[PDB]
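Printed here is upload_10.pdb (PDB, C-alpha atoms and all ligand atoms):
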```
ATOM      1  CA  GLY F  16       0.000   0.000   0.000
ATOM      2  CA  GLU F  17       1.744   3.181   1.234
ATOM      3  CA  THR F  18       5.518   2.872   0.787
ATOM      4  CA  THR F  19       6.373   6.602   0.875
ATOM      5  CA  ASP F  20       9.445   7.468   2.974
ATOM      6  CA  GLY F  21       8.592   9.025   6.374
ATOM      7  CA  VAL F  22       7.484   8.393   9.965
ATOM      8  CA  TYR F  23       4.389   6.192  10.568
ATOM      9  CA  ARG F  24       2.120   5.282  13.494
ATOM     10  CA  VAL F  25       1.594   1.593  14.327
ATOM     11  CA  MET F  26      -2.057   1.088  15.390
ATOM     12  CA  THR F  27      -4.384  -1.764  16.539
ATOM     13  CA  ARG F  28      -8.180  -2.274  16.644
ATOM     14  CA  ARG F  29      -7.976  -5.323  19.054
ATOM     15  CA  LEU F  30      -8.408  -3.196  22.204
ATOM     16  CA  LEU F  31     -11.073  -0.423  22.804
ATOM     17  CA  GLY F  32     -11.393   1.658  19.606
ATOM     18  CA  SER F  33      -8.080   2.334  17.803
ATOM     19  CA  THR F  34      -4.920   2.251  19.960
ATOM     20  CA  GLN F  35      -1.358   3.429  19.063
ATOM     21  CA  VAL F  36       1.119   0.752  20.131
ATOM     22  CA  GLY F  37       4.179   2.336  18.497
ATOM     23  CA  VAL F  38       5.798   4.225  15.583
ATOM     24  CA  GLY F  39       8.217   3.295  12.758
ATOM     25  CA  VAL F  40      10.350   4.605   9.877
ATOM     26  CA  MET F  41       9.658   3.839   6.210
ATOM     27  CA  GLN F  42      12.984   4.150   4.317
ATOM     28  CA  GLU F  43      14.045   2.660   0.981
ATOM     29  CA  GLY F  44      10.948   0.408   0.830
ATOM     30  CA  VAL F  45      11.676  -1.027   4.326
ATOM     31  CA  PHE F  46       9.572  -0.366   7.452
ATOM     32  CA  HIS F  47      11.755  -0.209  10.647
ATOM     33  CA  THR F  48      10.312  -0.404  14.209
ATOM     34  CA  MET F  49      11.036  -1.812  17.713
ATOM     35  CA  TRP F  50      10.351  -5.560  18.242
ATOM     36  CA  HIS F  51       8.285  -4.972  21.389
ATOM     37  CA  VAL F  52       5.761  -2.905  19.341
ATOM     38  CA  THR F  53       4.783  -5.608  16.823
ATOM     39  CA  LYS F  54       6.212  -8.837  18.403
ATOM     40  CA  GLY F  55       7.227  -9.793  14.844
ATOM     41  CA  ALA F  56       3.582  -9.875  13.591
ATOM     42  CA  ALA F  57       2.602  -8.838  10.019
ATOM     43  CA  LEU F  58       1.381  -5.282   9.413
ATOM     44  CA  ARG F  59      -1.290  -3.829   7.162
ATOM     45  CA  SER F  60      -0.750  -0.635   5.107
ATOM     46  CA  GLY F  61      -4.038   0.262   3.450
ATOM     47  CA  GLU F  62      -4.948  -2.804   1.377
ATOM     48  CA  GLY F  63      -1.289  -4.036   1.240
ATOM     49  CA  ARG F  64       0.619  -6.326   3.619
ATOM     50  CA  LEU F  65       4.041  -5.896   5.228
ATOM     51  CA  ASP F  66       5.661  -9.178   6.328
ATOM     52  CA  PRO F  67       8.668  -9.233   8.754
ATOM     53  CA  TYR F  68      12.126  -9.794   7.237
ATOM     54  CA  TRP F  69      14.600  -9.475  10.095
ATOM     55  CA  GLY F  70      14.220  -9.200  13.856
ATOM     56  CA  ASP F  71      16.071  -9.606  17.144
ATOM     57  CA  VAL F  72      14.543  -9.474  20.688
ATOM     58  CA  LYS F  73      17.858  -8.430  22.296
ATOM     59  CA  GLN F  74      18.505  -5.456  19.962
ATOM     60  CA  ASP F  75      14.648  -4.908  20.203
ATOM     61  CA  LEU F  76      14.498  -4.103  16.489
ATOM     62  CA  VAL F  77      12.499  -5.442  13.492
ATOM     63  CA  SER F  78      12.375  -4.638   9.746
ATOM     64  CA  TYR F  79       9.584  -5.311   7.225
ATOM     65  CA  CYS F  80       9.875  -5.961   3.432
ATOM     66  CA  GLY F  81      13.692  -5.930   3.495
ATOM     67  CA  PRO F  82      16.872  -5.761   5.530
ATOM     68  CA  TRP F  83      17.597  -2.963   8.055
ATOM     69  CA  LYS F  84      18.493   0.215   6.076
ATOM     70  CA  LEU F  85      19.300   2.789   8.817
ATOM     71  CA  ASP F  86      23.079   3.143   9.332
ATOM     72  CA  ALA F  87      23.785   6.681  10.672
ATOM     73  CA  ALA F  88      25.353   7.009  14.149
ATOM     74  CA  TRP F  89      25.355   9.673  16.923
ATOM     75  CA  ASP F  90      28.821  11.344  16.923
ATOM     76  CA  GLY F  91      29.068  11.460  20.756
ATOM     77  CA  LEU F  92      29.138  15.274  20.718
ATOM     78  CA  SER F  93      26.231  16.903  18.900
ATOM     79  CA  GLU F  94      22.649  17.580  19.959
ATOM     80  CA  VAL F  95      19.982  15.449  18.288
ATOM     81  CA  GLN F  96      16.252  15.657  17.602
ATOM     82  CA  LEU F  97      13.679  13.137  18.770
ATOM     83  CA  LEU F  98      10.903  13.184  16.133
ATOM     84  CA  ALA F  99       8.323  12.162  18.730
ATOM     85  CA  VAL F 100       5.008  10.816  17.388
ATOM     86  CA  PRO F 101       2.811  10.497  20.536
ATOM     87  CA  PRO F 102      -0.620   8.790  20.734
ATOM     88  CA  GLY F 103      -3.442  11.081  19.508
ATOM     89  CA  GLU F 104      -1.044  14.022  19.047
ATOM     90  CA  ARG F 105       0.845  15.466  16.042
ATOM     91  CA  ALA F 106       4.493  14.569  15.195
ATOM     92  CA  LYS F 107       6.862  16.994  17.001
ATOM     93  CA  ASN F 108      10.688  17.568  16.926
ATOM     94  CA  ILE F 109      12.235  17.799  20.401
ATOM     95  CA  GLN F 110      15.950  18.748  20.498
ATOM     96  CA  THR F 111      18.180  17.433  23.291
ATOM     97  CA  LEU F 112      21.824  16.546  24.062
ATOM     98  CA  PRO F 113      22.065  12.776  24.610
ATOM     99  CA  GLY F 114      23.605  11.230  27.695
ATOM    100  CA  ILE F 115      25.338   7.800  27.907
ATOM    101  CA  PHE F 116      24.308   4.237  28.838
ATOM    102  CA  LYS F 117      27.583   2.645  29.983
ATOM    103  CA  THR F 118      27.405  -1.163  29.445
ATOM    104  CA  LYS F 119      29.856  -4.132  29.726
ATOM    105  CA  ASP F 120      29.994  -4.157  25.872
ATOM    106  CA  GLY F 121      30.466  -0.406  25.278
ATOM    107  CA  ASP F 122      28.810   3.016  25.575
ATOM    108  CA  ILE F 123      25.510   3.912  23.832
ATOM    109  CA  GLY F 124      23.878   7.311  23.400
ATOM    110  CA  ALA F 125      20.678   7.876  25.361
ATOM    111  CA  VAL F 126      17.862  10.451  25.186
ATOM    112  CA  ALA F 127      16.358  11.721  28.450
ATOM    113  CA  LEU F 128      12.851  12.562  27.263
ATOM    114  CA  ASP F 129       9.705  11.079  28.809
ATOM    115  CA  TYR F 130       6.922   9.912  26.462
ATOM    116  CA  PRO F 131       4.111   7.312  26.661
ATOM    117  CA  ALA F 132       4.976   3.704  25.762
ATOM    118  CA  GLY F 133       2.995   4.134  22.485
ATOM    119  CA  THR F 134       5.725   6.595  21.317
ATOM    120  CA  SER F 135       8.145   3.521  20.931
ATOM    121  CA  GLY F 136       9.757   3.484  17.475
ATOM    122  CA  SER F 137      10.009   7.300  17.104
ATOM    123  CA  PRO F 138      13.190   8.201  15.152
ATOM    124  CA  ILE F 139      16.151  10.140  16.555
ATOM    125  CA  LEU F 140      17.856  12.387  13.966
ATOM    126  CA  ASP F 141      21.183  14.097  13.281
ATOM    127  CA  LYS F 142      21.612  17.671  11.832
ATOM    128  CA  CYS F 143      21.315  16.301   8.251
ATOM    129  CA  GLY F 144      17.973  14.601   9.046
ATOM    130  CA  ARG F 145      19.464  11.082   9.043
ATOM    131  CA  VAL F 146      18.007   8.469  11.428
ATOM    132  CA  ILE F 147      20.720   7.620  14.030
ATOM    133  CA  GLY F 148      18.410   5.268  16.024
ATOM    134  CA  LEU F 149      14.943   4.634  17.523
ATOM    135  CA  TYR F 150      13.391   5.713  20.864
ATOM    136  CA  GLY F 151      11.602   3.155  23.066
ATOM    137  CA  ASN F 152      14.102   0.930  24.848
ATOM    138  CA  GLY F 153      15.719   2.109  28.018
ATOM    139  CA  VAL F 154      15.236   2.361  31.745
ATOM    140  CA  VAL F 155      13.228   3.945  34.597
ATOM    141  CA  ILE F 156      15.274   6.188  36.905
ATOM    142  CA  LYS F 157      14.845   7.247  40.668
ATOM    143  CA  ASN F 158      12.624  10.073  39.344
ATOM    144  CA  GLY F 159      10.186   7.593  37.755
ATOM    145  CA  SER F 160      11.220   9.218  34.399
ATOM    146  CA  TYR F 161      12.148   7.242  31.239
ATOM    147  CA  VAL F 162      15.589   7.466  29.638
ATOM    148  CA  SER F 163      15.712   5.625  26.288
ATOM    149  CA  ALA F 164      18.755   4.326  24.437
ATOM    150  CA  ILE F 165      19.530   5.491  20.885
ATOM    151  CA  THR F 166      18.893   1.997  19.427
ATOM    152  CA  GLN F 167      20.368   1.526  15.946
ATOM    153  CA  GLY F 168      20.521  -1.623  13.767
ATOM    154  CA  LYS F 169      23.309  -2.808  11.452
ATOM    155  CA  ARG F 170      23.166  -2.324   7.648
ATOM    156  CA  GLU F 171      24.505  -5.259   5.547
TER     157      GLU F 171
ATOM    158  CA  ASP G  50      -4.159  -7.172  13.059
ATOM    159  CA  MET G  51      -1.839  -4.141  13.276
ATOM    160  CA  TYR G  52      -1.831  -1.294  10.682
ATOM    161  CA  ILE G  53       0.252   1.784   9.763
ATOM    162  CA  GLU G  54      -0.670   5.422   9.060
ATOM    163  CA  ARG G  55       1.761   8.120   7.820
ATOM    164  CA  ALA G  56       2.508  10.738  10.491
ATOM    165  CA  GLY G  57       4.986  13.061   8.693
ATOM    166  CA  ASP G  58       8.416  13.595   7.061
ATOM    167  CA  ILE G  59      11.802  12.892   8.603
ATOM    168  CA  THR G  60      13.445  16.348   8.725
ATOM    169  CA  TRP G  61      15.568  18.311  11.190
ATOM    170  CA  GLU G  62      13.603  21.390  12.445
ATOM    171  CA  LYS G  63      15.690  24.529  13.211
ATOM    172  CA  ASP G  64      14.419  26.327  16.339
ATOM    173  CA  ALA G  65      12.677  23.251  17.755
ATOM    174  CA  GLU G  66      11.809  23.057  21.508
ATOM    175  CA  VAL G  67      15.264  22.293  23.151
ATOM    176  CA  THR G  68      14.749  20.344  26.416
ATOM    177  CA  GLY G  69      16.132  17.330  28.353
ATOM    178  CA  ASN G  70      19.236  16.489  30.394
ATOM    179  CA  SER G  71      22.285  14.227  29.460
ATOM    180  CA  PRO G  72      22.807  11.640  32.254
ATOM    181  CA  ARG G  73      25.609   9.008  32.385
ATOM    182  CA  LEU G  74      23.982   5.802  33.642
ATOM    183  CA  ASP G  75      25.524   2.414  34.481
ATOM    184  CA  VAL G  76      23.211  -0.163  32.791
ATOM    185  CA  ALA G  77      22.935  -3.951  31.942
ATOM    186  CA  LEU G  78      21.090  -5.546  28.999
ATOM    187  CA  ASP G  79      19.514  -8.972  29.535
ATOM    188  CA  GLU G  80      18.757 -11.689  26.903
ATOM    189  CA  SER G  81      15.153 -10.368  26.553
ATOM    190  CA  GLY G  82      16.282  -6.901  25.369
ATOM    191  CA  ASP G  83      15.523  -5.283  28.741
ATOM    192  CA  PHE G  84      17.802  -2.653  30.255
ATOM    193  CA  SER G  85      18.303  -2.397  34.005
ATOM    194  CA  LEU G  86      20.145  -0.058  36.356
ATOM    195  CA  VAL G  87      23.464  -1.237  37.768
ATOM    196  CA  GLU G  88      24.327   0.605  41.001
TER     197      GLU G  88
HETATM  198  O1  LIG X   1       8.102  -0.011  28.137
HETATM  199  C1  LIG X   1       8.743   0.599  27.283
HETATM  200  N1  LIG X   1       9.594  -0.012  26.427
HETATM  201  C2  LIG X   1       9.762  -1.414  26.240
HETATM  202  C3  LIG X   1       8.716  -2.295  26.508
HETATM  203  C4  LIG X   1       8.889  -3.661  26.354
HETATM  204  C5  LIG X   1      10.139  -4.142  25.984
HETATM  205  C6  LIG X   1      11.183  -3.270  25.710
HETATM  206  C7  LIG X   1      11.020  -1.900  25.862
HETATM  207  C8  LIG X   1      12.390  -4.055  25.280
HETATM  208  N2  LIG X   1      12.045  -5.404  25.748
HETATM  209  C9  LIG X   1      10.584  -5.550  25.702
HETATM  210  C10 LIG X   1       8.628   2.092  27.193
HETATM  211  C11 LIG X   1       8.905   2.773  26.011
HETATM  212  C12 LIG X   1       8.749   4.143  25.940
HETATM  213  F1  LIG X   1       8.982   4.784  24.760
HETATM  214  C13 LIG X   1       8.393   4.909  27.018
HETATM  215  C14 LIG X   1       8.125   4.251  28.209
HETATM  216  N3  LIG X   1       7.773   4.654  29.452
HETATM  217  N4  LIG X   1       7.669   3.606  30.278
HETATM  218  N5  LIG X   1       7.961   2.518  29.611
HETATM  219  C15 LIG X   1       8.241   2.862  28.307
END
```
Could I get this structure in the form of structure tokens?
Amino acid sequence: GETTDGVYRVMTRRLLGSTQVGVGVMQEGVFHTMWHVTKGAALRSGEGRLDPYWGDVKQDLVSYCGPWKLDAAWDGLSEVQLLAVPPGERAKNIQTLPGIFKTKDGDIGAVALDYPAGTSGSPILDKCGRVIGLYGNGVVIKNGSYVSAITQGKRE
Amino acid sequence: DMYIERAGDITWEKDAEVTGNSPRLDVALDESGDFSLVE
């Protein structure tokens, strides 16, 4: 159905009315989202169907129609924009300077912006508009606030 | 059955609302893709 490049909402009619479970990026004919949003299930786009192609529960990422296409990375210095697409509200760019998630396997950028769980899959962008990762997988701090990692896949 | 709806273009917006802090957090990632706080 609709394969135009851009940010999309991931919806469901299983619960009461229509509910936004997440968000994703359509790029180069491939739909990219977080695994916990779809659980690997097929998606509908108008009258067309999007079947999963690649997924991994640990990276919490999934691609539809083709392999992961997003390859840009945060440079460790610059501010970034979270293109937040929240449930029932318009898409909105929120600029922030990312912090760090220090892990046993290396450092990862992290955005400290709080949004509902249905915002999962919202793209994080660099100054050229390139997707450097997706928002939706992180942790809950002392504050009760949510700090998400800048989760990026690997392009083959 | 899940479905998708376009929500906009992927562009950088000059003069966007600049907010949010930059914390350095010690974390762990389990086999189920869940992060946790190491203290
Ligand atoms: O719960 C959230 N994310 C998530 C859920 C289930 C799983 C994973 C991540 C990875 N393994 C399975 C979440 C995402 C978000 F954008 C804002 C949030 N505020 N409180 N929780 C959130």
- Message: Report as a VMD selection string all protein, DNA and RNA residues lying within 10 Å of residue 88 (chain G), evaluated on all atoms listed in the file, omitting residues in the same chain fewer than 6 positions from it.
- Response: chain G and resid 74 to 76
- Expected selection as an NGL selection string for ligand LIG 1 (chain X) within 6 Å, all atoms listed in the file: (:F and (51 or 75 or 130-132 or 134-135 or 150-152 or 161)) or (:G and (81-83))
Give one line per residue of chain G that approaches region 100-110 of chain F to at most 9 Å, naming the two atoms of the closest pair and their distance in Å to one decimal, counting all atoms listed in the file; sort by chain then ascending residue number and deliver it as a tab-separated table.
```
residue	atom	partner	partner_atom	distance
G:56	CA	F:106	CA	6.4
G:57	CA	F:106	CA	6.7
G:60	CA	F:108	CA	8.7
G:61	CA	F:108	CA	7.6
G:62	CA	F:108	CA	6.6
G:64	CA	F:110	CA	8.8
G:65	CA	F:109	CA	6.1
G:66	CA	F:109	CA	5.4
G:67	CA	F:110	CA	4.5
G:68	CA	F:110	CA	6.2
G:69	CA	F:110	CA	8.0
```
- Provide as a PyMOL selection string the residues of chain F at most 8 Å from chain G, counting all atoms listed in the file. chain F and resi 20-29+53+56-61+72-75+96+98+100+105-106+108-119+125-128+140-145+152-154+156
- Query: If we count all atoms listed in the file, what is near residue 79 (chain F) at a cut-off of 10 Å, once residues fewer than 2 positions away on the same chain are taken out, given as a VMD selection string?
  - Reply: chain F and resid 41 44 to 48 55 to 58 64 to 70 77 81 to 83
Those same residues, written as a CSV table (one decimal), keeping the file's coordinate frame with C-alpha atoms?
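What follows is the written file out-v4.csv:
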```csv
chain,number,residue,atom,x,y,z
F,41,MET,CA,9.7,3.8,6.2
F,44,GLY,CA,10.9,0.4,0.8
F,45,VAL,CA,11.7,-1.0,4.3
F,46,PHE,CA,9.6,-0.4,7.5
F,47,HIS,CA,11.8,-0.2,10.6
F,48,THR,CA,10.3,-0.4,14.2
F,55,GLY,CA,7.2,-9.8,14.8
F,56,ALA,CA,3.6,-9.9,13.6
F,57,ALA,CA,2.6,-8.8,10.0
F,58,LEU,CA,1.4,-5.3,9.4
F,64,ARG,CA,0.6,-6.3,3.6
F,65,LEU,CA,4.0,-5.9,5.2
F,66,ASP,CA,5.7,-9.2,6.3
F,67,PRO,CA,8.7,-9.2,8.8
F,68,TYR,CA,12.1,-9.8,7.2
F,69,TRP,CA,14.6,-9.5,10.1
F,70,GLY,CA,14.2,-9.2,13.9
F,77,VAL,CA,12.5,-5.4,13.5
F,81,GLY,CA,13.7,-5.9,3.5
F,82,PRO,CA,16.9,-5.8,5.5
F,83,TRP,CA,17.6,-3.0,8.1
```
- Message: Between CA of residue 42 (chain F) and CA of residue 85 (chain F), what distance in Å does the model show, to one decimal?
- Response: 7.9 Å
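If you look at CA of residue 40 (chain F) and CA of residue 169 (chain F), they are 15.0 Å away from each other.
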- Closest of F:39, F:148, F:138, F:63 to residue 16 (chain F), counting all atoms listed in the file, is F:63
- Just give me the gap between CA of residue 97 (chain F) and CA of residue 124 (chain F) in Å, one decimal is fine. 12.6 Å
Please write out, as lines of an AutoDock Vina configuration file, where the centre of an axis-aligned box around all listed atoms of region 77-85 of chain G lies and how long its edges are, in Å to one decimal, after adding 8 Å on each side.
```
center_x = 19.0
center_y = -7.0
center_z = 29.7
size_x = 23.8
size_y = 25.3
size_z = 24.6
```
